[PDB]
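Before any questions on how it binds or moves, here is one chain, the form solved without nicotinamide-adenine-dinucleotide (NAD), in structure tokens.
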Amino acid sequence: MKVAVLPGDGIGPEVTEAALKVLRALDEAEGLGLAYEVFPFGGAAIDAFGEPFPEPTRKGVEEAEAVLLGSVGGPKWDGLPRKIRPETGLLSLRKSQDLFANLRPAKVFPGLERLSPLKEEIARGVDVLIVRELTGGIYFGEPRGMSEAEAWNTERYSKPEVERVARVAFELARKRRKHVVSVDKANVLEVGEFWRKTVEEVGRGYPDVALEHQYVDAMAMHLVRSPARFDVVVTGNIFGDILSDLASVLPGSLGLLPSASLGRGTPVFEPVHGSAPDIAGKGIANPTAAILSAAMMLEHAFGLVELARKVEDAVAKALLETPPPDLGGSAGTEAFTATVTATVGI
């Protein structure tokens, strides 16, 4: 269990350490042989090496089995050349490991339905995993450009690209509730027909997984109307950007959202939240997102499904009995973390 830890900026370092205390207690009580090394990344790397992704950290991630990343970026570096700013580092890390599938789950823990913008009866049970293609689509498609008279961008997709995301989505569904919803705009766009047909062929190799297809517009309605019926959802870059943000509001607090990036190389698990400079080091930060990110790591990097679920359960229990400030509670980083460990240990 080789973990390259990239704590990052702002509250990253401290929430990441919260996640590590949880892992260290699990590894100690169950003997998981966890081994990790922390490497400089983000602004932290910029300030100590002149760039976001320094060689040592590059090698550090190649050699690890998984990467636990904290928050990256902050006002202190947003004014540097694009090619050396934090967000850039994330670009080169993802690319160095050929990561093409962004994993964004959204789950309403039992008893926390009240937090949802949705009515209670419709929030209950939500547990959807949104898989978003990262390497291509209109976000990268060419030609792109703009004149004084007009602008253009191209939504382009190759079969290999759709195929790899699709595969990851089916695999994921297997170890889940065996359902996959592939979302596209096939009723009007060629790339939607192509995507649809590709995901269809690929799904043939996964008979044990029920494959449903829906349109993006229809999907947006479905995630507010009845999100609880979906398990895994896969779709291209932009629709994936929109659908995961949509699903992200379902639970009701950003500080809970974990995330993962799977690909050909080393998998990256990190919180969705930002660095939150103004509260860094004040021990207020809700570590939930980083912990759940460590939980996603256990499961997807090391196939420890049951234990991961054990960590998730414990954090769900903690947000109920000792909620952190952002949930209207008074449990700070340190205290919340102990609660989670307890609920894991008991």
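Residue positions are given as counts along the sequence shown, with the first one as 1.
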Stretch with higher mean Cα temperature factor, 41-49 vs 287-295, is 41-49
With B-factors read from the PDB entry, the higher C-alpha mean of 135-143 and 73-81 is in 73-81
Top Cα B-factor in this entry, restricted to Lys185, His179, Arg104, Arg124, sits on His179
Reading the B-factor column for Cα atoms of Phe239, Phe194, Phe269, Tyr206, the highest value belongs to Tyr206
Of the three thirds of Cα B-factor ranks in this chain, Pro7 occupies the lowest
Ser248: C-alpha B-factor third of its chain, per the entry, is the lowest
By the entry's values, the third containing the CA B factor of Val67 is the middle
Of the three thirds of the chain ranked by Cα temperature factor, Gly263 occupies the middle
Here the Cα B-factor of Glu150, set against its chain, lands in the third termed highest
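FYI, the form solved in complex with nicotinamide-adenine-dinucleotide (NAD) isn't displayed, but the following is about it.
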Of the candidate stretches 68-76, 148-156, 175-183, 106-114, the one with residues having heavy atoms within 4.5 Å of nicotinamide-adenine-dinucleotide (NAD) in the deposited bound form is 68-76
Interface check vs nicotinamide-adenine-dinucleotide (NAD) in the deposited bound form: of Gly125, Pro160, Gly274, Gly205, the one with a heavy atom inside 4.5 Å is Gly274
Among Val305, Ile279, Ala48, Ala29, just one has a heavy atom within 4.5 Å of nicotinamide-adenine-dinucleotide (NAD) in the deposited bound form, namely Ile279
Requested in this report: Answer yes or no: in the deposited bound form, does nicotinamide-adenine-dinucleotide (NAD) come within 4.5 Å of a heavy atom in every one of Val3, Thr266 and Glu312?
Outcome: no
- Item | is_contact(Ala285, nicotinamide-adenine-dinucleotide (NAD)) in the deposited bound form, heavy atom dist at most 4.5 Å | yes
Q. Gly255: heavy atom within 4.5 Å of nicotinamide-adenine-dinucleotide (NAD) in the deposited bound form?
A. yes
### Interface membership of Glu190, nicotinamide-adenine-dinucleotide (NAD) in the deposited bound form, 4.5 Å heavy atom rule
no
With the partner left out of view, is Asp98 within 4.5 angstroms of nicotinamide-adenine-dinucleotide (NAD) in the deposited bound form by any non-hydrogen atom?
no
When nicotinamide-adenine-dinucleotide (NAD) is considered in the deposited bound form, the residues of 236-252 having a heavy atom within 4.5 Å of it are none
